[PDB]
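Q: First the structure, then my questions, so here it is.
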Amino acid sequence: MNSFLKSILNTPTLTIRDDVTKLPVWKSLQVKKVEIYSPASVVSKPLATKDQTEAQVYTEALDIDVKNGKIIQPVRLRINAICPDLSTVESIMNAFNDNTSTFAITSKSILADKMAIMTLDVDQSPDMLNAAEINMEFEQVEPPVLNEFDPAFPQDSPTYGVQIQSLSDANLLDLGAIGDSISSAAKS
Amino acid sequence: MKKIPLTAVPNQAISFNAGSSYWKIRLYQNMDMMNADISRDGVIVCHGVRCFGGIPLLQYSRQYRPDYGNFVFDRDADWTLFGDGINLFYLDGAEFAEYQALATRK
Amino acid sequence: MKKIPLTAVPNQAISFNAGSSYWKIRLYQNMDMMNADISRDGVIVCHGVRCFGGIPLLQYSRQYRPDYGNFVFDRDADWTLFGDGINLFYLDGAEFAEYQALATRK
Amino acid sequence: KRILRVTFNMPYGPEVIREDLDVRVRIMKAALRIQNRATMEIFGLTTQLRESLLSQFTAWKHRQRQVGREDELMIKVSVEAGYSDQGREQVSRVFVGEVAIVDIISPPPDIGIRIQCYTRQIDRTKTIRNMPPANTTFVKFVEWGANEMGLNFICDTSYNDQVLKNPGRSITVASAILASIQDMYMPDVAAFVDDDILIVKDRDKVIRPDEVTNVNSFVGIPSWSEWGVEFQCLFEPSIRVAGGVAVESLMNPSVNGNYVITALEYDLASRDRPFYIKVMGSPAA
Amino acid sequence: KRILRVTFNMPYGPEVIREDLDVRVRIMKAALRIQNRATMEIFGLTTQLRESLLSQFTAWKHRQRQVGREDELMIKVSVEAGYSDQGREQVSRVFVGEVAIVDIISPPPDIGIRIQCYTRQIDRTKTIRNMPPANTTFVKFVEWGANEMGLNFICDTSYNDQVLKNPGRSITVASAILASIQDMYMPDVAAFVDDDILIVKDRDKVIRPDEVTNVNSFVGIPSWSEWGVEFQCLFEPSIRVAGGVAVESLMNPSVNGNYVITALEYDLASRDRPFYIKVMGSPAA
Amino acid sequence: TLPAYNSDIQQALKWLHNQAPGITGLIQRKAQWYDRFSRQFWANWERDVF
Amino acid sequence: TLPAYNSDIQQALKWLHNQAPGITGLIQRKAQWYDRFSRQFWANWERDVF
Amino acid sequence: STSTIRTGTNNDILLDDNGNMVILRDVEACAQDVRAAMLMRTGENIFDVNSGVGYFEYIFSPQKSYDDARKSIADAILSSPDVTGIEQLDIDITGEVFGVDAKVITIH
Amino acid sequence: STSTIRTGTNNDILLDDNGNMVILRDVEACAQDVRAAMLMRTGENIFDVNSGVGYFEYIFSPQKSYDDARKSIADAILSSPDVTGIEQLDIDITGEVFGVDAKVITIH
Amino acid sequence: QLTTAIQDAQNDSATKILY
Amino acid sequence: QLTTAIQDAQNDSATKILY
Amino acid sequence: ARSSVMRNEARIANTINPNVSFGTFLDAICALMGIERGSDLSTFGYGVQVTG
Amino acid sequence: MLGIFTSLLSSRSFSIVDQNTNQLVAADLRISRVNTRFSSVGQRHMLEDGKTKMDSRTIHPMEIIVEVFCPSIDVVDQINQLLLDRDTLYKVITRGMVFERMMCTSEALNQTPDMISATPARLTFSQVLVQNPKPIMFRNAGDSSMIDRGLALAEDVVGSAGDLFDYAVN
Amino acid sequence: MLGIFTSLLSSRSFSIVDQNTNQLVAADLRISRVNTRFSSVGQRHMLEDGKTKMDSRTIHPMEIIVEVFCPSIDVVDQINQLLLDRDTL
Amino acid sequence: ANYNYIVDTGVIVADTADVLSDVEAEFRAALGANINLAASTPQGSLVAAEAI
Amino acid sequence: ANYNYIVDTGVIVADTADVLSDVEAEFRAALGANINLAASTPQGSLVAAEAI
């Protein structure tokens, strides 16, 4: 039953990373069940069809209509696990309370990313005096669209327009232009 | 003397109503320097103005009378220290004339 | 000089407001060529016009006169390559007159 | 097995939207000046059909451009609804008018449009071609208005032989003709336009006395009103506005009698429960 | 992380209501004479904050008393909304106006006020201090109106060099100036006030041609309309009223093109789903 | 333009009318006449045009 | 300003073209020409300005 | 309808007998593109940076679980045009060989 | 990007060899700040009052549980800028020693 | 509905003649 | 909400009562 | 049939206009002025030395 | 069910054939149960006297719920690709019962200590309703019906007629 | 859970300490189970192309459900005034 | 294609996203309407070189 | 492939252009020695674009 003899390319090791720091968070979080639900939404009303056209000129029209009529809802995870330490629970609670939190849950072979905690249930019962059961839920904040993007570089970055509205006057030890001139001539 | 908010990004474009005019400066990192594209009231005033500390942006009189103002960097432009350390200030006609008078006798 | 948006389908009809007029061109594969039916402002200007590269669609004077414009195919018409490779361009009166003046000494 | 069709009129031709697509038409008509309305929620539109319809429906080409001398300025659409069983049909006509509003109600994955059509939205007419009569009778002013609007007229009233001085020389467009005819003599005789027929009649009289509609089955109960009897019914392709009705109720025995129709509220949904018409009726003389 | 602030202006100072409190701001702006509206529901108010705000918001002291010569008569409140991630902010301004109405929608245990503000609710101004021009051009009447209201102006129209005999000496208060500028020449050139800038321009022209906003991501589908294209989007702090837009859609390929903005519907809820802006746009010339 | 044009008249004639003397006879006769009075006619008329 | 600018022309040479003649040859010669006609040109033109 | 300049095993532009450039189209082009995209180390595109295979972060390193290597190879394969999906991806490991095998299901 | 004047174990300002003040930044600055914040008794900041470790109300008292002490130490550690969380807060007792060990996960 | 009533109210105020 | 529209169709009242 | 003829007649309707004619019809029209479409032949080398 | 004598000792029960390209998809899933539930709605209308007319009936789209076991990671990836596939309609053949125009509405993987090697999954497809289930097409590419593009607002190019002439000359 | 010593064989697990006056209350409840469920809500936003941006997250208030045994009427009244005590946390 | 980045009001330089898109479109029009300009391909390498 | 320097009479640096031969000579001897650089071919189009 040697559970350390895990598979090589289907390793049953849950690894919740952190998209900011790329480090494993909440180790020693013995996991008992993982459920990955990925929904979608199809057309409900009957689609129209314009027949009396040719072979394959109907095909791309139908393909575009089908590409146009189904909307994807991103993934939710439900991890049921057993926390042995108070440090892990405090970290989980603080991460949940933090408004901004994106993690990358890697299940047996699933690599779902940009994932945020939705609900967290901590059950303390007389049959588990030490440790406590955790039922945590996750929702994908953003599907993994590939940012083609203009990288590697401070420069070559796309121009983003910050439309400022009202301009503040000034502060510090400044007397109009003479203050500005002294500050500039300070060479600092 | 009005301080223009900045954001620590390499390339950006800021449009605002200052001094009875609609200014728009696009600041971008060009190699090891910074340049600015300045457009007033839609019509573009100048391109590729290399940015320095204390040195006026609109360098030519045609671009700043009658009392149109000017933009001045306290230090040499560096988008890494934008917001915290390097500020850009706008001067109306009178304040910029006084700045010219002070800076032309140094 | 305005290209007309086309779709890679064998037989289609596109209507648009170009050159202060309401044009409508129906392009269809006839045997092994393309034919076009052109209707301006409701009335039908011509039926079964062969589509050729460079040759104007509205051939006779009574149609493209006066300054109404004309339509030109860059290459011989082919609905398989419509939108990518073969385009139809619309010329107003002056542009089509200059096209005629160039094309009559060829 | 409801059968509902929305038939547009476009340069290519009529593209009939059948009942297979989810359609919902709320028509509201009345014996008033105001143009009768029809809101149309149509889902299941393809990209090509949306391009062919919504791009043509526009409020431009008469404001920032010229492109207008006659019809084809705005698309005229008719509605043909009814029942069908054993192979027979019952498709009547319930609305004719031009679209005026177009929006989208339901976003993806069901891109559904909602248009708003009004009867006689061709107030984009020719600013009154023929001058109105100087001194003439009421029936004659009605005939002139009908001829100007291009509609056949049914004028049945006791006020026809009454002369008017300057009957509508301030009229600015064709639609205002109906407003003027409604403005003069408004205690009873209210004129309106039902589809293609301009009706000028007293409010207590039936347009076609031989066309009384005996009504015995109702949805709900035929109830009273401060004017007459009001009741909802399943779609019968024989009930128009201003028509005569011969209500014979069971639940309410005091509402039995002959009534003329003043209002009409069609609510037809091929893929939904509401397929009713609501009738406001007043005592008929 | 959405970041939404409601910043009042009271004698004590600005009291910024942050996004931690449940705030819901529905702003509706348009290119009309009408004052743009903002309805903001704020829950979680303490007793002290309620007494500090609602007591100042009142319609008295100018009807049954005097206490009035300038501003401080009614509280001017601005709205600053945007996004924030990685430490960088995007808080732009989406509304500036004075409160007019105070109520509570939600009773205890969540005592949440609902207050109604309109832009330029200082209409009880100094009853026109400087007399309007006797005979002048449209641009100069617009300049006089902007100077009287105290707002900077953007006048870009082809009707500027048209003399008016006698432009608006029936005006009673400062607000009616905008109604007058709207009244004259009103097929296209409609004047409005966006925040503190009075814009007078043709309806088919953009205030800032260099400031087109390329839009590629929408919520739902960019659909056709009577005039142009209508579409909803997530909050982008670069879309104003009457600005230029460069719609590039995927679901609908025919709506691609350049559009000017006519109407804007902000719906920002820090603690609820709706954080969208809806744009009405018309073809740009 | 490119992807052929069919127009054979005999395309109507399924596998079913494989041993049929009649439907096949009618279609063959009609195809022969349409050929003789359209294709042959236009070929001779173009020979005239030349 | 500060955080480098590379702009090396030869940055467009992936690990795939490690033993390639062609792609590597073309990119190297293109880089040599852009060097000779931009960097050398501006160097000797600044020497001119001096 | 993907098209690509035909190259040899040295990843260099290999010409035909007449000294022209062959433009492979559809199936062969897609196969060549997938092979080329799987040989690109991550962080090499100064115009994508995040693209490429993790030959030094997930492969060639004492990585605990090779699911990340599988995901990177799958992403690299899917990034090529007209690929749609992968029918099978084997990550077999010999003594010192990281044997990988793909069964791309390209549309054409 | 925290920065703090360098201090010694005696907890005064300790200068360098040149006679200057060193401004530690990021990791060392955060470590010094956390150590300083864990040595501050509650009620010592007249401008925060409630801040600081409960060294007399939660530790050093004949108390029933030390979970309040754990909460106080965690709050004191987290109050420092650029701390985010605590990976481990081991709390061991010897006869008298109230041993506390932290595993702060400062980002920078 | 509010929106349909609003649109109907807007309709009957659009004739060719501006004034 | 028609209540907000009702509250909006009340703003047309300046200091002039004129009266 | 009844469609083959329709396409044929629309194909050869305005064939006498040389700016819109095609094929052998255009060849006929342009042969009046002496402009004659040539023939597509091939190089016909003879006497090539073969060593074996 | 009966209906068909295969007389074949290797018949396949479940098939998800991609309608375009006519290819098997996820040819390895271990199916365990299929429920193809239909649906339709009545329009009960009470009317005056105690009675109720149903009026017509609407044929709501059919749904299929398939319980499967995925024994391979490539199969899991294929199923995820099916869920993310918005541009192809599949055809599901359970047991002599063919359903075309099927698109995956939902999918739920389950990883439990009861199954360490494989993963149970619950696919759910829904049918895409069309106006005409049986379309009419034409063989040769000449004879379409015509589709109209509506108003186009012809875009702008800058080439003058000289470049167009040179293009036609070449 | 682990993370803290006691070296003390008399630690009581559960405690309801009144915030003001910092005193224990209902010091005689026989706790049997505690369930501390967190909550938060997403802002799913479908957008044009098949995709749904989750936007931000709102942290709903924590809830705790405690099953207990009250062994005495005094404890029952203490819980009743706990529920009726509207002015202390 | 390259517009005129010299103009008269000083040099107007565009972002590398824009110039890369311009070179990409020019390569696409020259070589083939559906050539893959992936950075790992030879054509993509040439495009990146002409973008730097 | 040269920068003519009018030393004292025109004071202006003049481009020489004629870089098509140079770019053809690079495609040759680097990508090969026998490439058919004739137009209407992919390499010819690439060379023409690069010379432009």
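Each chain in the structure tokens gets a letter, A, B, ..., in the order shown, and its residues are numbered from 1; ligands are numbered from 1 in order too.
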Using DSSP on the backbone coordinates, identify all residues within chain N classified as strand (DSSP E or B); present the result as a ChimeraX atom specification.
A: /N:2,4,17-18,23-24,30-41,45-46,52-53,58-69
Q: Can you tell me which residues surround residue 39 of chain F at a distance of at most 12 Å, considering only C-alpha atoms, apart from same-chain residues fewer than 4 positions away, and format the answer as a count of residues only?
A: 16
Q: Quick one: which residues from chain J are at most 10 Å off chain E, using only C-alpha atoms, as number ranges by chain?
A: J: 17-19
Q: Give the superposed chain G as a CSV table (one decimal) with C-alpha atoms, in the first residue's frame, the fit being least squares on chain F over all ordered C-alpha pairs.
A:
```csv
chain,number,residue,atom,x,y,z
G,1,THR,CA,-15.1,30.7,-61.5
G,2,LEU,CA,-13.1,27.7,-60.5
G,3,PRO,CA,-14.9,24.9,-58.6
G,4,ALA,CA,-16.6,23.2,-61.7
G,5,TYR,CA,-20.1,23.6,-63.0
G,6,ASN,CA,-21.3,20.1,-64.2
G,7,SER,CA,-24.7,21.0,-65.6
G,8,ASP,CA,-25.0,17.7,-67.5
G,9,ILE,CA,-28.8,17.2,-67.8
G,10,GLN,CA,-28.2,13.5,-67.3
G,11,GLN,CA,-27.3,14.1,-63.7
G,12,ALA,CA,-31.0,13.6,-63.1
G,13,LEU,CA,-30.7,9.8,-63.5
G,14,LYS,CA,-30.4,7.9,-60.3
G,15,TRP,CA,-29.0,4.4,-59.7
G,16,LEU,CA,-32.6,3.0,-59.8
G,17,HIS,CA,-32.8,3.7,-63.5
G,18,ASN,CA,-29.9,1.4,-64.4
G,19,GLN,CA,-31.8,-1.1,-66.6
G,20,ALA,CA,-34.9,1.1,-67.2
G,21,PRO,CA,-36.0,1.7,-70.9
G,22,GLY,CA,-38.4,4.7,-70.5
G,23,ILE,CA,-36.9,7.1,-67.9
G,24,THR,CA,-33.5,6.5,-69.3
G,25,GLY,CA,-34.8,6.7,-72.9
G,26,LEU,CA,-36.6,10.0,-72.2
G,27,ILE,CA,-33.7,11.6,-70.4
G,28,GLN,CA,-31.2,10.5,-73.1
G,29,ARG,CA,-33.4,11.9,-75.9
G,30,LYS,CA,-34.1,15.1,-74.0
G,31,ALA,CA,-30.4,15.5,-73.4
G,32,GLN,CA,-29.7,14.9,-77.1
G,33,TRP,CA,-32.2,17.6,-78.1
G,34,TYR,CA,-30.9,20.2,-75.6
G,35,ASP,CA,-27.4,19.4,-76.8
G,36,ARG,CA,-28.3,19.8,-80.5
G,37,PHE,CA,-30.3,23.0,-80.0
G,38,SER,CA,-28.1,24.7,-77.4
G,39,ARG,CA,-24.5,23.5,-77.6
G,40,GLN,CA,-24.4,22.8,-81.3
G,41,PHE,CA,-26.4,26.0,-82.0
G,42,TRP,CA,-24.0,28.1,-80.0
G,43,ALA,CA,-21.0,26.4,-81.5
G,44,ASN,CA,-22.1,27.0,-85.1
G,45,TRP,CA,-23.3,30.5,-84.2
G,46,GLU,CA,-19.9,31.4,-82.8
G,47,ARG,CA,-18.5,30.0,-86.0
G,48,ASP,CA,-20.9,32.5,-87.7
G,49,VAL,CA,-19.6,35.3,-85.5
G,50,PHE,CA,-16.1,34.5,-86.4
```
Q: Residual C-alpha RMSD for chain K onto chain J, least squares, all atoms in order?
A: 1.9 Å
Q: Using Å and a single decimal, report how far atom CA of residue 79 of chain B sits from atom CA of residue 51 of chain O.
A: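 Atom CA of residue 79 of chain B lies 23.9 Å from atom CA of residue 51 of chain O.
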Q: Between atom CA of residue 66 of chain H and atom CA of residue 8 of chain A, what distance in Å does the model show, to one decimal?
A: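 That distance, rounded to one decimal, is 6.8 Å.
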Q: Excluding residue 62 of chain M and residues on its chain fewer than 3 positions from it, collect all residues at most 10 Å away from it, counting only C-alpha atoms, and give them as a ChimeraX atom specification.
A: /M:36-40,59,99,102,125-129
Q: In terms of the shortest atom-to-atom distance over only C-alpha atoms, which of H:96, H:11, H:81, H:20 is closest to residue 39 of chain P?
A: H:20
Q: Show which residues sit within 7 Å of residue 153 of chain E, as a VMD selection string. Count only C-alpha atoms, and ignore same-chain residues fewer than 4 positions away.
A: chain E and resid 146 197 to 199
Q: What are the residues of chain B lining chain G at 6 Å or less? Count only C-alpha atoms, and put the answer as a PyMOL selection string.
A: chain B and resi 31-33+78
Q: Among chain B, which residues carry a DSSP assignment of helix (DSSP H, G or I), reported as an NGL selection string?
A: :B and (61-63 or 79-81 or 93-103)
Q: Could you work out how far atom CA of residue 9 of chain O lies from atom CA of residue 46 of chain B, giving the answer in Å with one decimal?
A: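 Going from atom CA of residue 46 of chain B over to atom CA of residue 9 of chain O covers 5.1 Å.
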Q: Just want the 6 Å neighbourhood of segment 26-37 of chain A, counted on only C-alpha atoms, with same-chain residues fewer than 2 positions away dropped. Output as a ChimeraX atom specification.
A: /A:75-83,88 /M:108-112
Q: Residues at most 7 Å from residue 14 of chain P, counting only C-alpha atoms, excluding those fewer than 6 positions away in the same chain, as a compact mmCIF listing (two decimals) with N, CA, C and O atoms, in the first residue's frame?
A:
```txt
# COMPACT_ATOMS: atom_id res chain seq x y z
N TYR P 3 26.91 56.05 -49.06
CA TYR P 3 26.52 57.37 -48.58
C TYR P 3 27.44 58.38 -49.25
O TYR P 3 28.56 58.61 -48.79
N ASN P 4 26.97 58.98 -50.35
CA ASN P 4 27.75 60.00 -51.03
C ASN P 4 27.81 61.25 -50.17
O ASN P 4 26.79 61.70 -49.64
N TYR P 5 29.01 61.82 -50.03
CA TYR P 5 29.23 63.00 -49.21
C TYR P 5 29.66 64.15 -50.13
O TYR P 5 30.82 64.23 -50.52
```
Q: For chain M against chain N, which residues fall within 10 Å using only C-alpha atoms, given as a PDB file with C-alpha atoms, in the first residue's frame?
A:
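Output below, filename part06.pdb:
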```
ATOM      1  CA  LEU M  84     -13.578  23.956 -24.406  1.00  0.00           C
ATOM      2  CA  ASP M  85     -14.564  23.111 -28.007  1.00  0.00           C
ATOM      3  CA  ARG M  86     -17.109  25.743 -29.049  1.00  0.00           C
TER       4      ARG M  86
END
```
Q: With chain B laid on chain C by least squares, using all C-alpha atoms in order, how large is the RMSD?
A: 0.3 Å
